[PDB]
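Just so we're on the same page: letters track the sequence lines, and every chain starts at 1. Read the numbers this way: they start at 1 and go in the same order the structure lists the ligands and their atoms.
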Amino acid sequence: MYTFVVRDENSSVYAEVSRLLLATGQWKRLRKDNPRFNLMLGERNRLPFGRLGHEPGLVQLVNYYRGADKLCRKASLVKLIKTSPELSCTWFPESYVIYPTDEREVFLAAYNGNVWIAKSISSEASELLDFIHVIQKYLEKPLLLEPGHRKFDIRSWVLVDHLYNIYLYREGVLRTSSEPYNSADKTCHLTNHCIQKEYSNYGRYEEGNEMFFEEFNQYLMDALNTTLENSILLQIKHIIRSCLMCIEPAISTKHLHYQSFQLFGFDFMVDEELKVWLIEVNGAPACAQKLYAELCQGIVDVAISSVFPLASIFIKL
Amino acid sequence: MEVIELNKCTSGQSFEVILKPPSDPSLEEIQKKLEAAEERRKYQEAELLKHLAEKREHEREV
Amino acid sequence: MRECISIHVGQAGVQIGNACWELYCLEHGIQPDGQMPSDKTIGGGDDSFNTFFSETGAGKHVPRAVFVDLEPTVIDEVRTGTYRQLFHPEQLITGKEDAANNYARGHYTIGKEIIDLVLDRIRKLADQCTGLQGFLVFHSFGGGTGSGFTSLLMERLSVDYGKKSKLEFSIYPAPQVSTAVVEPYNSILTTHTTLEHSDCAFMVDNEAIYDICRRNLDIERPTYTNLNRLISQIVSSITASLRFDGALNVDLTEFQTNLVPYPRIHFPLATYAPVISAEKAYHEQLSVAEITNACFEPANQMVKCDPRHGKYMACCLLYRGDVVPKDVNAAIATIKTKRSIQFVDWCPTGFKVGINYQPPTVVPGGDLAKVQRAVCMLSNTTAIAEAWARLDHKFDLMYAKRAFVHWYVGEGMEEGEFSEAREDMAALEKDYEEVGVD
Amino acid sequence: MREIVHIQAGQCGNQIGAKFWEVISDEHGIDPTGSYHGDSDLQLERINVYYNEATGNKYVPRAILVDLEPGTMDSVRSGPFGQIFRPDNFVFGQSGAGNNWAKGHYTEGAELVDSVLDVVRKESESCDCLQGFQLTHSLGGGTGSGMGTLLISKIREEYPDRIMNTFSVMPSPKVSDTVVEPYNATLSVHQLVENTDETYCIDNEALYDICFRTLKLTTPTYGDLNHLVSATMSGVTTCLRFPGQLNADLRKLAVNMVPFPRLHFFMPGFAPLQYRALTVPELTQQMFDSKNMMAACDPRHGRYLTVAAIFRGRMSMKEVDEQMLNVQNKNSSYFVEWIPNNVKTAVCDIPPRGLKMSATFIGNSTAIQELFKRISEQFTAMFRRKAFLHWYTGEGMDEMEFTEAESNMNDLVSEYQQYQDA
Ligand SMILES: Nc1nc2c(ncn2[C@@H]2O[C@H](COP(=O)(O)OP(=O)(O)OP(=O)(O)O)[C@@H](O)[C@H]2O)c(=O)[nH]1
Ligand SMILES: Nc1ncnc2c1ncn2[C@@H]1O[C@H](COP(=O)(O)OP(=O)(O)CP(=O)(O)O)[C@@H](O)[C@H]1O
Ligand SMILES: Nc1nc2c(ncn2[C@@H]2O[C@H](COP(=O)(O)OP(=O)(O)O)[C@@H](O)[C@H]2O)c(=O)[nH]1
Ligand SMILES: COc1ccc([C@H]2[C@H](C)C(=O)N2c2cc(OC)c(OC)c(OC)c2)cc1O
Ligand SMILES: [Ca+2]
Ligand SMILES: [Ca+2]
Ligand SMILES: [Mg+2]
Ligand SMILES: [Mg+2]
Ligand SMILES: [Mg+2]
């Protein structure tokens, strides 16, 4: 019988892994601060990795990778892609890191059509530079879903276990701004649930702004005469592979006194030549609604119960 | 990677290798503290020997 | 030649002391009766071992050491052990009743009544010295003597010898081999009081050595003998340069200089390879590159922490055995790439290396096997602050409710000396954060 | 030499004191004549903790025998090891104490204490380093209770920087001499809270239950009750009498076991309570069961502040730790989370007579409050009607002194309860 605490209460995914663990009759929850646990579902912020793996007779496992912020903080994600030689790379936008490093000087070297994006959208460097935070190029020419002339992004859920096997979840999600697409009016430009759950007719050309993978496959066949695997998922798997293999020696818990697994949310854009682009890497992702059941179980299967055995739905990379 | 100051002899060798460059309380104050803790003991002991003496007089009054 | 005086305090300090001086004698060829045949200068010398050994007219070589325990049973075994003829009966100092795992009882109560006698016996050694460098003080964070009497000795040594260097070898407390629930209290107290008086301090976490003995010597329940014979090698590696012809770390001032830029941050992490079982039948001898990489696996450090997640400030490599520099710079080059070795921006990313050609000595009939080559790395990395947060959380858990405080108050101490000592540690953890993360 | 002076006071004190010396003399090789006939020198390396060396190189217990009547005292001298005891060390009077705390503490006992202290002082003065004192006594009678706590008050005065330890048998209606036992014991508990560092609660209710539900004895005698006390007392002093990695002594035990100076009331436990030795998982399971407690409190009602367990025999040190750390992380609801490493284990290779595997446990649990609640209830039931008080006011006591003792013990129950939810 195994032991676990819970220290991010408002986490949609691990609230459910913690609930499923109790319902196996083999796992006992503790208070946030009891040191005699087998498994930690830690804090999103300042998780004290210095204290794990020092309990005699207790194999300890935690649902985060110390150092995975190198990938999930957009400032360090660009610094990683620019500084890490394993990343030269032709799938990450042209990006610059500026402070209210830094490289404003070289930020203009490539400025002779130049429209860009910044947050943490305009055509003139003066407009957003007054926000006194990263600056990318804007995908001026994305892929459109028809009929509707819509934008969207892909969310892929990637699980890394204590052995650093890279598990891509079979199910993904398309999240459209289900309104036609314009030019220059800032509605379909930021396309999700942050300038569309307050401002922007909340799910027109599909369901809950979420188009799942089988539907999007069917469209690609009928509309483009290609498949989801070939035109997009290959590049997605290449991008997931490259980032995690890059930081592998900085965060691997293979010879550590505690061990780590972590769930990631990769977010992609597809352009109009069927080229896949990485936007950001999410360290604490929320799942899409109808998939919670199946993902929150595979976590226990390959990340948790694989360490603490009792009495496939992922693509290994 | 540059070696520096290579120092040999019969026992062995030392050297340095660079991969990249860069960019008291007095005795009195002791006695003071050491002895203010001895007073704190004697006080607490005197308070004990005091309470015990009050217990003797109660024992005698019973 | 400049001499060094070793002070072993408490049970852990004295028993580790035993392991070291036994190894020093095997290394320098000194018999259990103080006789050193290879020493041709009878009754004198400014040789390199003479830094740790004075000699007598009859030709005895005598540890420049002082053993101190508030209770006699441990040092008594020295008085009657294999090396009874080695020490001057006046070098072994033992009181009557120990510190009952109580810092305040080792510092204030029972300490005050032997401090003057100890400094008297230390001074009888400091007078045998033509140019004393300072002192090597071995003790446990956890005992009452080890923590409370040591911090009192360290206070008085800064006074009698303000111009002398003081290095600690400190045994950091581990549950799977502990002896008192209050060890976290004693640890923080003695660290706060000793900090300004110590120039450099090597922490051995008993959990790290215990796990190493389990994993690599395949000993299920390691004894203090197993723990101490291993710690003997690390300490012998660290002090070999003070006792042998060398040009790296030849005096105590060089340990501060080479390893300690900031003075509060004076706790270098120590890594040691290789640890091989003497009863490992068939054993493939490990290469220079193989043992230099091991210095970067956490499982070989004397304190379990993750040095990938901090920044270095200095790195020394001390090899013993069949090692030539070409092998070293080679292995360093391969390792510099595949490993996350980040220095601080105000320090040169690089290593200071030293090689002694004499391979490591093992206690005959011991648990370590002889090896052709071994290395000990001394990195000052900020990742060692993980050990302070572990200790400070265990101190916070108990002190929130004031558990066991009354045992200290009762010896004359004030509750403030607790929250003083803990605010000091909270500053020492901030210091490590300024230096090591963005 | 960290010597201990042992004092037994009253019927229960001298009866369960005798067995203690019978048990540990056998463990140490000393026959009924004080001559050592042992195989190992482990039997002699710490034998001065409890024994004085004689002129004929014999061993004489550092034991002071105390009663206000000679009934039990003569019977001790005629039992097995009766002539082991220093004859000058029998201190007794003739009138008894009539199951009356006041008689033991204020009148009859006040007359006899000064001579007992002459024997303490004689024994204490010949000690190289004295850890302190070990008293055996019941709390529901008069001598052990009233005179016993008087001795404790006087010893604390003469020897305030020595440790005061008691083995303190708690009264219970199931094994009851008189109706006034709650009065005597409430009054004694007020003394013990103030004037001891460590007290072992030996509850006669638990001892009767263990004898009747577990050991299959349908009417248990005092001799069966005391055989359980004999084993507990041997095991709880094993780390004092035998050389270990642990240099255990009475002060280190108090420092590590008592987080707050009034909560120093320990719940012992023993296992096993036969030719099949137990497995380490059976020792661990039984020990921590409510059925192996010598103090009659379900430890599932409160939480362990601290614990110290010792395993005696030749067994797997690694399996001890394996099984120990197991029952913690199976029942970690009943240990406090805010004392790191609050459960300590040791092993002694020498097992006790006729047991290949045994294990004794010292528990500072907050469930000990249930014992004080039980005493406190029975006390108020009488004292609300001032019933039976005339026996005490006839010896000089005021109702005031009773209200105080009731008050200090209900406080004790509060403090034990403040940490059960911490
Ligand atoms: N590595 C190692 N650690 C030891 C040794 N002896 C004790 N310890 C550790 O030291 C701590 C206890 O402190 P001790 O040195 O035994 O205490 P002391 O200085 O004798 O102080 P008191 O006995 O309280 O007077 C615990 O961490 C023990 O595990 C030893 O020989 N080797
Ligand atoms: N390089 C790019 N090309 C096209 N669109 C882009 C883009 N970078 C951002 N966008 C737009 O901005 C939105 C992406 O938001 P982003 O990836 O920066 O997450 P975020 O700012 O909400 C951080 P968090 O989710 O952690 O709170 C999308 O609608 C997308 O259309
Ligand atoms: N367990 C045990 N309890 C005893 C023994 N003798 C007396 N008692 C208990 O002791 C209490 C009576 O006190 P007692 O020792 O006889 O009084 P005293 O002679 O005045 O000290 C009652 O609670 C009895 O249950 C004994 O030998 N063993
Ligand atoms: C809870 O923390 C601790 C508790 C106790 C100790 C030690 C302490 C040195 C002493 O005395 N203990 C002891 C342990 C026993 O069992 C382990 C035992 O049983 C016989 C016994 O009898 C006197 C004594 C050390 C700790 O760290
Ligand atoms: Ca010489
Ligand atoms: Ca009379
Ligand atoms: Mg998204
Ligand atoms: Mg000691
Ligand atoms: Mg009776």
Open item on the list: Which heavy atom of C/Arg2 sits nearest to which heavy atom of C/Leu132, and what is that distance?
Closed with: NH2-O, 3.4 Å

Task: For atom 31 (O) of ligand 2, the protein heavy atom that lies nearest, with its residue and separation - done: A/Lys151 NZ, 2.8 Å

TODO: Please indicate, with yes or no, if any protein heavy atom is found under 4.0 Å from atom 15 (O) of ligand 2?
DONE: no

Open item on the list: Regarding D/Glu395 and D/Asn100, do their side chains bring together a donor and an acceptor under 3.5 Å, going by distance alone?
Closed with: no

Task: Atom pair OH (A/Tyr138) and NE2 (A/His189), whose distance is rounded to the nearest 0.5 Å - done: 5.5 Å

- [ ] Please check if a non-hydrogen protein atom sits closer than 4.0 Å to atom 12 (O) of ligand 2.
- [x] yes

Open item on the list: Under 3.0 Å from the Ca ion (ligand 6), is there any N, O or S atom belonging to D/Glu108?
Closed with: no

- [ ] Starting from atom 4 (C) of ligand 2, locate the nearest protein heavy atom and write down its residue, its atom name and how far away it is, to 0.1 Å.
- [x] A/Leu139 CB, 3.3 Å

Open item on the list: Restricting to under 3.0 Å, identify the protein N, O or S atoms around the Ca ion (ligand 5) as residue plus atom.
Closed with: C/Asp39 OD1, C/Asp39 OD2, C/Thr41 O, C/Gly44 O, C/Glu55 OE1, C/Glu55 OE2

Task: Per atom 2 (C) of ligand 2, closest listed option by heavy atom (A/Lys119, A/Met269, A/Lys137) - done: A/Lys137

Open item on the list: Whether A/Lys141 and A/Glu273 form a salt bridge (side-chain N of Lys/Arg under 4.0 Å from carboxylate O of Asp/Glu) is what I want to check.
Closed with: no

TODO: Among all protein heavy atoms, pick out the one at the shortest distance from atom 8 (N) of ligand 2; state its residue, atom name and that distance to 0.1 Å.
DONE: A/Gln136 OE1, 3.5 Å

Task: Option passing side chain to side chain contact (heavy atoms under 4.5 Å, CB included) with A/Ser156 (candidates A/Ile239, A/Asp267, A/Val173, A/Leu168) - done: A/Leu168

- [ ] Could you find the nearest protein heavy atom to atom 25 (O) of ligand 2 and give me its residue, atom name and distance?
- [x] A/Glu280 OE2, 3.2 Å

Open item on the list: Any atom of ligand 2 sitting under 4.0 Å from a heavy atom of A/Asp153?
Closed with: no

Task: Numbered atoms of ligand 2 (with element) below 4.0 Å of A/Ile279, judged on heavy atoms - done: 17 (O)

Open item on the list: Would you say atom 27 (O) of ligand 2 makes contact with the protein, given that contact here means a non-hydrogen protein atom less than 4.0 Å away?
Closed with: no

